[PDB]
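Heads up, the thing below is written out as structure tokens.
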Amino acid sequence: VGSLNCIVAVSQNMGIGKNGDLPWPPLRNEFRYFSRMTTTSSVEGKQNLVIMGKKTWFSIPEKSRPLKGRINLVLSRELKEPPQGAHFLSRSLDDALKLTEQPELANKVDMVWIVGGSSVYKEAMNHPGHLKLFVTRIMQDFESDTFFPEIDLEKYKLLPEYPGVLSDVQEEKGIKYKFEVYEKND
Ligand SMILES: NC(=O)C1=CN([C@@H]2O[C@H](COP(=O)(O)OP(=O)(O)OC[C@H]3O[C@@H](n4cnc5c(N)ncnc54)[C@@H](OP(=O)(O)O)[C@@H]3O)[C@@H](O)[C@H]2O)C=CC1
Ligand SMILES: COc1ccc(OCCCCC(=O)O)cc1Cc1cnc(N)nc1N
């Protein structure tokens, strides 16, 4: 199994969601970037795995569920089986990561992408090991009810460049944003 990664878009006030949706209007190319990053695998005959909390799963439009060309794993202690359309269910992040090393998935999974929400990002982020954060900085404040955990910059280094990531300011629907890649290894 390859790299462990988080991917998120976040407003200035650290907001990632409001009432089960994003705090900002749809940003088509920002979404395009999420799709590209999570779907593209380096390794022949492998797919990437996406790991998400239960609420995040149900926040994705039904038509867009499962995330196509990726293996979709949901985290939940309440559910007894994967949601309709989902591929896997685990009871904790450790359990999900262990599973990837099972014979059913060990030779199928390339990158693993944590796509939310708050508590899954937090745990992943505070977990010793090699980890990258793909962070889109939405450069306005948006009213939010769920937030990205604090990025500890003593450990997460902001990379000065990354292949396939544009470095300049983007703008869609009057909203400026920029892409960032952070890396830790501890
Ligand atoms: N802007 C962005 O880039 C992103 C925005 N979002 C948005 O943010 C909101 C984020 O949702 P959020 O409220 O944080 O919820 P989550 O997606 O983390 O879902 C929370 C629920 O997932 C299960 N769960 C979470 N963590 C674990 C775990 N470690 N083990 C087992 N089960 C777990 C549920 O458990 P159980 O069934 O056990 O009660 C828990 O109540 C979403 O509604 C979405 O719109 C999400 C990702 C990215
Ligand atoms: C879980 O977070 C998301 C899941 C889906 C999504 O829509 C993208 C296009 C439709 C699905 C596909 O076919 O890939 C958007 C998000 C939120 C999100 C947005 N942007 C970034 N950079 N990270 C995210 N997690």
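Report the one residue of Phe134, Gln12, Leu153 whose Cα lies farthest in the direction of the positive end of the charge dipole of the chain (charges on C-beta: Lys and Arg +1, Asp and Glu -1; origin at the Cα centre).
After comparing all options, I get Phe134.
Under 24 Å from the Cα of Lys132, which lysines turn up, not counting those fewer than eight places away in the same chain?
By straight Cα distance, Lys132 reaches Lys46, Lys54, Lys55, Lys68, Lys98, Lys108, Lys122, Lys155, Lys157, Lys176, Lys178, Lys184.
How much length is gained if the chain between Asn29 and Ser167 is pulled fully straight, taking 0.36 nm per residue apart and subtracting their Cα-Cα distance, in nm to one decimal? Could the numbers behind the result be given before it?
Values: separation 138, 0.36 × 138 = 49.68 nm, distance 1.46 nm.
That works out to 48.2 nm of additional length.
Going through the stretch 1-92, which GluC sites (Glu not before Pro) have at most 10 other Cβ atoms within 10 Å and a DSSP loop state?
Passing both the DSSP loop test and the Cβ count: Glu44, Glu78.
Over the Cα atoms of the chain, each weighted equally, I'd like the Debye log10 I(q)/I(0) at q = 0.11, 0.17, 0.20 Å⁻¹, rounded to two decimals.
Those come out to -0.46, -1.19, -1.68, one per q.
For the chain, what relative contact order do you get, as a whole percent, if you take Cα pairs closer than 8 Å and at least 6 residues apart?
Contact order relative to length: 33 percent.
Do any trypsin sites (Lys or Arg not before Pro) in the stretch 132-186 lie in a loop, going by DSSP, with at most 11 other beta-carbon atoms within 10 Å of their beta carbon, and if so which? Mind dumping the intermediate values first?
Numbers: sites: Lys132, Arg137, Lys155, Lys157, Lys173, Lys176, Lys178, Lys184; in loops: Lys155, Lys173.
Counting only loop positions with at most 11 other Cβ atoms within 10 Å, the trypsin sites (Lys or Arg not before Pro) in the stretch 132-186 are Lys173.
The stretch 11-103: which trypsin sites (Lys or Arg not before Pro) are DSSP loop and have at most 16 other beta-carbon atoms within 10 angstrom? Write out the running numbers ahead of the final one.
On the way: sites: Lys18, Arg28, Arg32, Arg36, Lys46, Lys54, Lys55, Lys63, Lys68, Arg70, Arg77, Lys80, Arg91, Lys98; in loops: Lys46, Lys68, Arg70, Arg77, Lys80, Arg91.
Of the trypsin sites (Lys or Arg not before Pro), the ones in loops of the stretch 11-103 whose Cβ has at most 16 other Cβ atoms within 10 Å are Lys46, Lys68, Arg77, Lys80, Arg91.
Using θ = phi - 60° and the Karplus form 6.51 cos²θ - 1.76 cosθ + 1.60, what ³J(HN,Hα) does each residue of the stretch 38-47 get, whole Hz, x for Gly and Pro?
Going residue by residue, I get 6, 8, 5, 10, 6, 9, 3, x, 10, 10 Hz, with x marking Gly and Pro.
Cβ sites come from the backbone with ideal geometry, for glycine too, and all protein chains shown count toward neighbours. Every number here is computed from the coordinates shown, using simple stated rules; none is lab data.
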